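Working notes for the structure below.
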Amino acid sequence: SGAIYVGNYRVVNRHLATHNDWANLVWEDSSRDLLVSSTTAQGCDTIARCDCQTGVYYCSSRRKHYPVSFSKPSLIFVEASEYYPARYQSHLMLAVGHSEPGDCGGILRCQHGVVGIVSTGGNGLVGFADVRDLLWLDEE
Ligand SMILES: Cn1nc(C(N)=O)c2cc(F)ccc21
Ligand SMILES: [Zn+2]
């Protein structure tokens, strides 16, 4: 699990989104596994506006932050799991690194801030749902 908190917004994997998230929705996309919901108290997080391919992610199935090189956000085939079938997820970034389903929500950060959250992976890969193209998060 895990979320970002850019102001009074909560950014989560679309598949871990709660009833409250859907009952206080802002925007959502199944192909990306992203959903943003409203909050009453503000958050502690800046979103990266950049093309970095280096950063650090949190991996819950190891209790560690790992430094990684990561690919640019693209359309990637990801194998089956408890939450989705074997499909293409868009705006996915692979790094080489350990990941399992429950690692979803872990933050990837670079010098420019929060880059994205863990969304896909397998076979020593990890895909981060990029948030960097979502320029509207910074305001309103
Ligand atoms: C980080 N991660 N997300 C998923 C997923 N959403 O299906 C996944 C599936 C895997 F077999 C291994 C790792 C994974
Ligand atoms: Zn950056």
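Residue numbering restarts at 1 in every chain; chains get A, B, ... in the order shown in the structure tokens, and ligands count up from 1 in that same order.
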Give me the residues near residue 24 of chain A as a PDB file with C-alpha atoms, in the first residue's frame, where near means some atom within 12 Å (using only C-alpha atoms) and where sequence neighbours in that chain fewer than 4 positions away do not count.
ATOM      1  CA  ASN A   8      -5.360  18.234  -0.018  1.00  0.00           C
ATOM      2  CA  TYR A   9      -5.004  15.425  -2.655  1.00  0.00           C
ATOM      3  CA  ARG A  10      -4.301  11.735  -2.039  1.00  0.00           C
ATOM      4  CA  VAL A  11      -2.722   9.822  -4.990  1.00  0.00           C
ATOM      5  CA  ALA A  17      -8.619   2.938  -3.953  1.00  0.00           C
ATOM      6  CA  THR A  18     -11.132   2.844  -1.019  1.00  0.00           C
ATOM      7  CA  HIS A  19     -14.892   3.686  -0.977  1.00  0.00           C
ATOM      8  CA  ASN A  20     -13.866   7.102   0.561  1.00  0.00           C
ATOM      9  CA  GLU A  28      -8.902   8.038 -12.396  1.00  0.00           C
ATOM     10  CA  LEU A  35      -6.714   7.554  -8.824  1.00  0.00           C
ATOM     11  CA  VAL A  36      -6.692  10.906  -6.867  1.00  0.00           C
ATOM     12  CA  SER A  37      -9.135  11.677  -3.959  1.00  0.00           C
ATOM     13  CA  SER A  38      -9.712  14.821  -1.775  1.00  0.00           C
ATOM     14  CA  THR A  39      -8.356  15.399   1.781  1.00  0.00           C
ATOM     15  CA  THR A  40      -9.324  17.902   4.553  1.00  0.00           C
TER      16      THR A  40
END
Per-residue DSSP, segment 10-140 of chain A, filtered to alpha helix (DSSP H), as an mmCIF file with N, CA, C and O atoms, in the first residue's frame:
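This went into selection.cif:
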data_model
loop_
_atom_site.group_PDB
_atom_site.id
_atom_site.type_symbol
_atom_site.label_atom_id
_atom_site.label_comp_id
_atom_site.auth_asym_id
_atom_site.auth_seq_id
_atom_site.Cartn_x
_atom_site.Cartn_y
_atom_site.Cartn_z
ATOM 1 N N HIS A 19 -13.569 3.036 -0.796
ATOM 2 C CA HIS A 19 -14.892 3.686 -0.977
ATOM 3 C C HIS A 19 -14.759 5.201 -0.768
ATOM 4 O O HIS A 19 -15.272 5.952 -1.607
ATOM 5 N N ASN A 20 -14.067 5.657 0.293
ATOM 6 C CA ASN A 20 -13.866 7.102 0.561
ATOM 7 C C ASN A 20 -13.181 7.738 -0.656
ATOM 8 O O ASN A 20 -13.585 8.821 -1.086
ATOM 9 N N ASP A 21 -12.175 7.057 -1.226
ATOM 10 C CA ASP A 21 -11.442 7.602 -2.390
ATOM 11 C C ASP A 21 -12.437 7.797 -3.525
ATOM 12 O O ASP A 21 -12.442 8.825 -4.131
ATOM 13 N N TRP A 22 -13.259 6.780 -3.799
ATOM 14 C CA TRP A 22 -14.277 6.877 -4.873
ATOM 15 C C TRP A 22 -15.398 7.854 -4.470
ATOM 16 O O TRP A 22 -15.823 8.510 -5.339
ATOM 17 N N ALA A 23 -15.675 8.085 -3.181
ATOM 18 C CA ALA A 23 -16.781 8.954 -2.701
ATOM 19 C C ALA A 23 -16.258 10.382 -2.591
ATOM 20 O O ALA A 23 -17.054 11.314 -2.397
#
Contacts with ligand 2 at most 10 Å, only C-alpha atoms and all ligand atoms counted, listed as an MDAnalysis selection string = chainID A and resid 47:55 109:115 132
Output the neighbourhood of ligand 1 as a VMD selection string, that is, all protein and nucleic acid residues with some atom at most 12 Å from the ligand, counting only C-alpha atoms and all ligand atoms.
-> chain A and resid 1 13 to 16 30 to 34 57 to 61 76 to 89 92 to 107 117 to 129
Report as a VMD selection string: the residues of segment 74-135 of chain A with a DSSP assignment of strand (DSSP E), based on the backbone of this structure.
-> chain A and resid 74 to 78 87 to 96 107 to 110 113 to 122 125 to 130
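Of the listed residues (A:137, A:7, A:56, A:74), A:7 comes nearest to residue 41 of chain A; the distances count only C-alpha atoms.
The nearest approach to residue 135 of chain A among the residues A:108, A:6, A:64, A:71, with only C-alpha atoms taken into account, belongs to A:6.
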